[PDB]
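In the entry's author numbering, the protein residues as written are 1 to 159.
Note that the Cβ used here is the ideal one computed from N, Cα and C, for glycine as well.
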Ligand SMILES: NC(=O)c1ccc[n+]([C@@H]2O[C@H](COP(=O)([O-])OP(=O)(O)OC[C@H]3O[C@@H](n4cnc5c(N)ncnc54)[C@H](OP(=O)(O)O)[C@@H]3O)[C@@H](O)[C@H]2O)c1
Ligand SMILES: CN(Cc1cnc2nc(N)nc(N)c2n1)c1ccc(C(=O)N[C@@H](CCC(=O)O)C(=O)O)cc1
Ligand SMILES: [Ca+2]
Ligand SMILES: [Ca+2]
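Here you go:
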């Protein structure tokens with residue numbers, strides 16, 4: 001199955017100037033826990049904002065151009081990305097916005113972090129139909145010394 005994993009601020013903002021405008025160690029821990037030992041698919045812009053392969057994951061990068069880094073697997077279409085991931089239980093799609101938009105119709109699960117942050121953004125999570133989805137896990141956390149916003153973790157499953 002295909003799952004999307006994303007962190008969304010107010011108004012579904014997911015980025016600004018190729019960066020993520022918040023500091024949430026707890027979200028990074030959640031991200032790692034839910035992507036480790038699974039293939040991860042990302043757009044070229046979202047790769048460039050990392051610049052190093054994520055360890056313990058098969059890193060698959062979508063680009064219309066030839067790849068520039070042999071440490072990761074480069075593919076030129078959605079269907080090639082899916083195929084490159086292979087016969088695994090769960091393929092994780094990690095962004096950014098244009099990649100999320102293309103994989104959302106194919107996804108069975110959404111792993112969302114709702115961050116209580118008012119951030120100007122230039123990139124937004126796609127506007128999904130709420131009726132298509134059922135909340136199966138939800139956990140809220142207050143802001144603390146390490147995490148400067150409150151946030152909730154949510155898993156939605158396609159009905
Ligand atoms: N969880 C999150 O909140 C989260 C996660 C990740 C990223 N982000 C943010 O997302 C933003 C980047 O999003 P974005 O939409 O600009 O870029 P993106 O989706 O990461 O990357 C877009 C690029 O991927 C390639 N691509 C996408 N679909 C393709 C296809 N079907 N076939 C071939 N190539 C394809 C193209 O590369 P070429 O131009 O090379 O063809 C395209 O320009 C940044 O602000 C980043 O910080 C947020
Ligand atoms: C910019 N970016 C994309 C990013 C960040 N947070 C997210 N959060 C969620 N919930 N979903 C995402 N797709 C997501 N993507 C990054 C940046 C750094 C690391 C990173 O270093 N991750 C380590 C965490 C190790 C560390 O703490 O340095 C890992 O093993 O996954 C991952 C993604
Ligand atoms: Ca806040
Ligand atoms: Ca509606």
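Here DSSP, grouped into helix, strand and coil, assigns residue 28 to helix. The closest CA to that of residue 34, considering only 131, 140, 119 and 112, is found on 112.
Here the alpha carbons of residue 92 and residue 38 stand approximately 7 Å from one another.
DSSP places residue 34 in the helix class (H, G or I) of the three-state scheme. For residue 63, the closest alpha carbon among the candidates 76, 18 and 159 is that of 76.
Residue state for residue 110 is assigned as strand, using DSSP reduced to three classes. Just measuring C-alpha positions, the residue of 118, 55, 115 and 79 sitting nearest residue 102 is 79. Excluding sequence positions up to five before and after residue 81, its CB lies within less than 7 Å of the CB of 41, 60, 62 and 75, all in the same chain and listed in chain order. The set of residues whose C-beta lies within less than 7 Å of a heavy atom of ligand 4 reads, in chain order, 129 and 130. Rounded to the nearest whole angstrom, the CA to CA distance from residue 10 to residue 149 is 12 Å. Taking 4 residues as the shortest admissible run, the segment 27 to 87 contains the following complete alpha helix (DSSP H) segments, listed from N- to C-terminal end: 44 to 48 and 78 to 85.
Spatial neighbours of residue 140 in its own chain (CB-CB distance under 6 Å, excluding positions within 5 residues in sequence) are listed in chain order as 152. A check of alpha carbon separations from residue 5 across 104, 146, 24 and 84 identifies 104 as the nearest.
Comparing alpha carbon positions, the residue from 84, 53, 83 and 58 closest to residue 69 is 53.
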